[PDB]
Amino acid sequence: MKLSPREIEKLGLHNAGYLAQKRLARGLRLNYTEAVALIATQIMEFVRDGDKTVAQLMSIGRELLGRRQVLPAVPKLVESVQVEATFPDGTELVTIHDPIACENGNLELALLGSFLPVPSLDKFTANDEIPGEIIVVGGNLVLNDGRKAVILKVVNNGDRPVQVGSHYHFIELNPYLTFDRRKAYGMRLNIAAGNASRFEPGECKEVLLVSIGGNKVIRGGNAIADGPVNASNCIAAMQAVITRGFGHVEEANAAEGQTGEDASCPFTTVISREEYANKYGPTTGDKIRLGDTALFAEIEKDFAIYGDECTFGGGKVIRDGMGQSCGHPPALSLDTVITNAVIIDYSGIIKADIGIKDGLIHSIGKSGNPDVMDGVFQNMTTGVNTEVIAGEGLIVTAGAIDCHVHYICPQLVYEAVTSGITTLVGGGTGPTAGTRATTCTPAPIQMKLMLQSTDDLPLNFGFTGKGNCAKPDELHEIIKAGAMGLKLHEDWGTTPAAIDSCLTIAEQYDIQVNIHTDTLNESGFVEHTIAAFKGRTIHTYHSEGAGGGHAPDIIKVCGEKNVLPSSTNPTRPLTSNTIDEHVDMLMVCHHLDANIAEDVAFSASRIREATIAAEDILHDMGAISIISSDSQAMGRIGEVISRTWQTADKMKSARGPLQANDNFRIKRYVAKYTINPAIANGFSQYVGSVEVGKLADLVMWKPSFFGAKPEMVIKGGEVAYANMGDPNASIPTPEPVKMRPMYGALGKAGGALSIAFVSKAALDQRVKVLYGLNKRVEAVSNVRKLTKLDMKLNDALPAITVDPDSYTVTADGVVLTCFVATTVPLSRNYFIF
Amino acid sequence: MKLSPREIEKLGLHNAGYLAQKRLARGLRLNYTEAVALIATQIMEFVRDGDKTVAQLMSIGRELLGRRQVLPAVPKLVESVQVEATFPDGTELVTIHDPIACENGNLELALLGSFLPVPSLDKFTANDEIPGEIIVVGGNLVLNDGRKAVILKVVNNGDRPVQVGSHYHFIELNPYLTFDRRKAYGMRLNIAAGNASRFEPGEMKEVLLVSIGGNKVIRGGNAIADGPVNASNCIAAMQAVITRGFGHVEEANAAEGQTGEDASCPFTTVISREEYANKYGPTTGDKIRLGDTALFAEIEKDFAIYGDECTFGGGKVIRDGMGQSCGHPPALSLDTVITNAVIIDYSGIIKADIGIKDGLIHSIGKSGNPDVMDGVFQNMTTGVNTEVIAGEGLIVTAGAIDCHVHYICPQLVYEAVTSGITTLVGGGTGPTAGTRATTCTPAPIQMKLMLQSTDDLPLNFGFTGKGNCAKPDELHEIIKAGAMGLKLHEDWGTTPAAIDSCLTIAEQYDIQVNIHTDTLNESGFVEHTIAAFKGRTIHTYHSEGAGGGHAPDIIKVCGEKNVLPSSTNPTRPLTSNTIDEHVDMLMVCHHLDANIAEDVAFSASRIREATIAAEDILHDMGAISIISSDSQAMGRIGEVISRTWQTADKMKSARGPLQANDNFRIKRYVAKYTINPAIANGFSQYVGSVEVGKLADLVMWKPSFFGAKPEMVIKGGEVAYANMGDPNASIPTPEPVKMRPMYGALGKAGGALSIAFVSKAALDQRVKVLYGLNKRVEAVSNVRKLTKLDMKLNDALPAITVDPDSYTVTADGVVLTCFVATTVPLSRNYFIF
Ligand code: NI
Ligand code: NI
Ligand code: NI
Ligand code: NI
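Going down the list, the protein sequences come from chains A and B. Numbering-wise, this note's numbering puts 63 at position 63 of the first sequence, and it's gapless, one number per residue. Numbering-wise, this note's numbering puts 1214 at position 214 of the second sequence, and it's gapless, one number per residue.
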């Protein structure tokens, strides 16, 4: 067949269309991903037929699926569908804009060529009544306040069209525009940042101009006015205007003034507030729905000065001598700027530009060019050598950190980064019995190998040894080898003696101890394991206990001051299939028999509605500080983030507000998979939050998709993984769009962008050198003096009791009961399976 | 002063002349080295004076030192003295040939400028009555037997001199030589390999010509006769002789025959036998005095076919198409050939060419070009790409192997290679108390460091850990780190428990255990340590015991079948200062007081004339198998070799012959610092003898200096260290000549040429990769099944008793007594201090 790659991919795309076609013919309402596959698939077939032109399919594509055939969110999610195919005259791109352009679509034609029977309308469900919607405050904003202003007559005396961007130095215009060049001096158009005025030939326009800000130095254009704005350089600019024949007619009468903050001043330009949000993303006071949850994030603070937003593109702001600085010291240009980002972080929900330098977050604030703009500090310069990642309208958060990882297969890793995870911590050596049961890399040799194995992958890694030992001998060895933490697991024996010996070792080496307790209460009940901690910091895995630990009351640990507790994700939150699923999963993982009295006793003692319900609440209470996966050993790597938001969404709907928005809950929860995993494991100076001085491990989200599927994963300042369409296409957006590794994941790049975390002892020996690692290696630290109070926004310490028969949990006197949700967000709207 | 390096060196050369001047003024008869410094020094001063010419100094230099002023060896050792100095007309080279050209010299003039009083003749001792002398068998040798021959008239009709080498293809000569070219076809001159016949213009000579050998293929010269010699190529050669105007007159009458082995055949050429030895070094039956000892090596076998010796030089044998082959497959050219070497090695004293390829000894035999010489095998081809090291007249031995090394300072190392040592085995970490007492590199960290440290040094290295332990735990670790052997030392405790635990480990890891027993008999007497061996292989260091062990009878170990025993070198052999030196040395190392009864008791129990006398004998018996240094911890790195021969010289003179030459003794001893240290430590497949397949770690000796100072040290095929004179000079021989590192000692080369030995367990983990070592790393093996019978030529097992009071040693019933020698060879004749 001589299949080129693009042919192979389209076969896949087609397969997805056909599956969507089969669901449609069943009278299922299609989700976003289904609508897309189906339409791209048909477009490709119509091109194969050879009967239809591009202009035709542009129309035909709007009339396949109608409001009736799709889910309530789809008409807002599907802005359009793009695909390329081979027409009779070669490859052509077809864009279908607003494909849900009607009520009924055309079923016959949506299925045409599939040979699937065409369903009747009444086979489809009835329409129900907008993910990531921006709720704009009512009103207008005056651009560019407190600046000298002038209105000038401008003529296009050329024979061709001339168009001028918002930030072009007006004196430097095409010599064929005629106006008062002297009055234009130091001025630029008073219009929304990044648009333009178009002058057809012969046209006369009356233009509102406003003064440039900051240092008021003009660079570029025609070099008419090179230099700082002053009386002396004005005289020189005018000399050059005359000599070089730049169109000039004095307007002695021109209205002059300033942009004053009051009503009906003719120099001022206003921008409708809904429209501000659409161009540049939301600003202070606006709220943003997280994905299709019920959560709203309100912009708390904005660094933007209205009218100088950093937007990149033709005629736009980020151009030489305008928004892009020219003449500052080269070493301080930002490597990359992320423009107009909504940052959601435990430390604040804000609107800001983010500058990246040397793989690090260099600054957060208002960025651009100090020669032309007020308010640009010397650490936020967009310069010649600065790349641009456009955040307008998107959310940025820290890369997620999953601190309960089983390295069972390398593909867990791709699934992780693709969901928004950039750091993994746990143990394993591949698909062995030991690794499948416990987060342990047991032999020094295997430490060596896992570090070397994962050395090119664009994530930060930590590996943990087997902590189950009643003598320190072999623990010293595994830490010296490079383990950055130890796992105490019952399958290797978690006994008071092992617990003690392992914590004494943690005290010496400043590493975290993660524990899965003695479910069987073989050598003690939970109180005996707590006693054995002896007031020493310890991280308790899946603290609720479905995934392991003292039956039935391991959850008591969420009330010990020295315990840092996490949950794993599959019990999150309590939903209608939770219990059934987990019982059987337990039966499967423990090789138990549905028909034996005691097998079923063990399992009913392990998987308990009363405690999972309590887990939803303690999680909302900030009594459980972290959420993690338990990847392929009871939990799900790609669902750390979504299960966090699904827990938040359920609690918002069940419980009281926590402090006219959901900010306090949003920040509490984002902390559970970003900052708190980093604190617990001892590397929070390097990652876990959007703050200056930390790795620029950064995930871009569409608000409509937030918490389900991100756009782009930045690793150490460079794009590591991202949504990507047809590699052969004329743009990146045509089908099939899927998460693929990017330049940050090829060759040596993964290593240059990331950190392998080891113990200080291992680093003292330079295991980075010994092991031949190209990834940066750093030591973990500051882990032996943590208490629950060091967990950001999750420092609650209830008195917990658990009834040994009913399993009912009481916290601070209050019986904890929670309902069984029948659905969750961030699921049916997003996934093809 | 702006001193260049040469100026700095000559200052040292001067200082040596002046010291030699002071000694002469005292009426000391000078040795070789003194004579040289003195004469070069005066020559440089006479040059400074500016009064005398080169030709003058050439005569004056002969009349400074006379037979009276020098030791008996000097007139044979000092063939000449060369130096270069700045005359009024720039730098010029002065060679003084045969500087002892008279009886009285000229004292005043030998001191002139030194302002030292000129001694009178009677202050000098009276003359006494030849180191490395060759004793030639009486007679002649017929060259080139069994070959077609012809005598031809040859005339030089050219106007300039023409000279032809022994192996040039005669038909290929200058076209101005006139002779019968057709008879000359396939012939060459029948003269000694490497010389020539000179034709002045117009001269007529009657030349003996003999047929070429091997395949008889002609290549090179003028391309007259390109091809295998046969009637068809003859016809073509004659065509080209006619066409190209090569001088040709038919000699219809020429005498034709062959080289018969009878007397007075006019076609044959004989070489006087003494002359043969002088040109090509000795052959079968000749004998060579080792240095200035009484030892004589007789050549047991010669591979040469008389007349085809490989000698390289202008006009000589090793030239394109003659002895240097042209047309064989390029991959099989030797990298280097050592021509006409006497090899002295445990396995035989012989005469052979030695072929080196890929740093290994590739072949031993008759080397050359199979197209023109008989007897050249395919693995002995001197090719275009073959380097020549000329061994004619010289002795080649394996690199010495010192297996009792304390790494106290890096300089031990240079002192070792410069004396002829290429492998070191021992322990240490530098000048610490532990390393100054024991051959122990105790920490894994220090193993890594010492291997990294010594990585560029052109010697093979083995490091040994601390074997003193009653538990195996840390012993496992040091071997895994890379130790290739363990040392049990009393200073760390050599108790029966430690001995057992250590040897049990050696059985697991296949490494050698070296021991210095419990001198104090604190824990047991020697019996008890022997019992603790439990029949297991163990290397006993300084088995005599002055250097350490059970007082007074450690020597008993030389009679245990599982013991491999070595001596250190300072007690070798028993001479008049031995006992006095050692008592004090013991006092100093043990911080003892001459005035405390028990300090003097311990000392007298440790240092024992009776046992040291017995050591001379058991050494000669082949009852002690190895001689080693104990470098800087009672022993002397640069004297492993000299002390071995000094011992052999003293026993020759004291005892009966061992099997009309000294071959058996010579071989027995050479094995003590070559093959037996490599067998005992487990790397004898790589080094320790001049045998095919092993590294080309080879030392070139002048017989006159053999066992004192070597000429050249070849490390893995490349010269690593050698005598070198003035780097500014026109030749390499002018003063000051001293041992200097060569190209094998610079940059990356030392590593490329050598091996670091580790345990198999360490190599299993790739410590070579972990430690970033550029030196090749290999594992030691085949060491736990050795018995004294595996020691080459040193396998004797006497029943030994030692009287606890008289210290008298008895071996097989015989009381061992030996005299205190007053002098030793390989000392006063050679050293400047
Ligand atoms: Ni677990
Ligand atoms: Ni787990
Ligand atoms: Ni010793
Ligand atoms: Ni020693």
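We put the CB at the ideal spot given by N, CA and C, even for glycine.
Just to confirm, is the Cβ distance from residue i to residue j under 8 angstroms?
i          : j          : result
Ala1073(B) : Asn1829(B) : yes
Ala192(A)  : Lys279(A)  : yes
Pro825(A)  : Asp649(A)  : yes
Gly1462(B) : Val1413(B) : no
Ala1796(B) : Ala1623(B) : yes
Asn1195(B) : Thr1178(B) : no
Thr284(A)  : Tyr276(A)  : no
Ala1779(B) : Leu1763(B) : yes
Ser211(A)  : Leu189(A)  : no
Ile627(A)  : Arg572(A)  : yes
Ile1555(B) : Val1809(B) : yes
Taking Cβ-Cβ distances shorter than 7 angstroms, what residues in chain B pair up with residue i?
i         : result
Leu770(A) : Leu1770
Less than 7 angstroms separating the Cβ of residue i from some heavy atom of ligand 1?
i         : result
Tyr407(A) : no
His539(A) : no
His516(A) : yes
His542(A) : yes
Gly434(A) : no
Consider the C-beta atom of residue i and the heavy atoms of ligand 3; say whether any pair is separated by less than 7 angstroms.
i          : result
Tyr1541(B) : yes
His1528(B) : no
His1582(B) : no
So does residue i have its beta carbon nearer than 7 angstroms to some heavy atom of ligand 4?
i          : result
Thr1439(B) : yes
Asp1630(B) : yes
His1404(B) : yes
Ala1633(B) : yes
Quick check: does the Cβ of residue i come within less than 7 angstroms of any heavy atom belonging to ligand 2?
i          : result
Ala1779(B) : no
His582(A)  : no
Would residue i count as contacting chain E if we go by Cβ distances under 8 angstroms?
i         : result
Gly535(A) : No chain E appears in the structure shown, which is made up of the protein chains A and B.
Mind the definition here: the region 286-305 of chain A touches the region 337-357 of chain A only if three or more C-beta pairs lie below 8 angstroms; say whether that holds.
yes
Meets three-Cβ-pair contact criterion under 8 angstroms: the region 326-345 of chain A and the region 738-758 of chain A
no
At least 3 beta-carbon pairs within less than 8 angstroms: the region 1380-1393 of chain B vs the region 1323-1340 of chain B
yes
Beta strand (DSSP E) runs contained entirely in the region 207-266 of chain A, provided each spans 3 or more residues:
256-258
Any 3 or more C-beta pairs closer than 8 angstroms across the region 1340-1354 of chain B and the region 1281-1299 of chain B
yes
Write down every uninterrupted run of the beta strand (DSSP E) in the region 1727-1754 of chain B whose length is 3 residues or greater and which is fully enclosed by it, in chain order.
1738-1741
Along the chain, which unbroken stretches of the beta strand (DSSP E) at least 3 residues long are found entirely within the region 1453-1541 of chain B?
1460-1463, 1485-1489, 1512-1516 and 1538-1540
Whole alpha helix (DSSP H) runs in the region 1210-1273 of chain B with 4 or more residues, listed along the chain?
1231-1244
Three CB pairs or more closer than 8 angstroms across the region 1705-1717 of chain B and the region 1636-1654 of chain B:
yes
Looking at C-beta atoms only, is the number of pairs between the region 1675-1690 of chain B and the region 1258-1274 of chain B that lie closer than 8 angstroms three or more?
no
Does the region 503-521 of chain A come close enough to the region 569-577 of chain A to have 3 or more Cβ pairs within less than 8 angstroms?
no
Take every Cβ of the region 416-436 of chain A, pair it with every Cβ of the region 712-721 of chain A, and state whether three or more of those distances are shorter than 8 angstroms.
yes
With three or more C-beta pairs closer than 8 angstroms as the rule, is the region 1758-1778 of chain B touching the region 1514-1530 of chain B?
no
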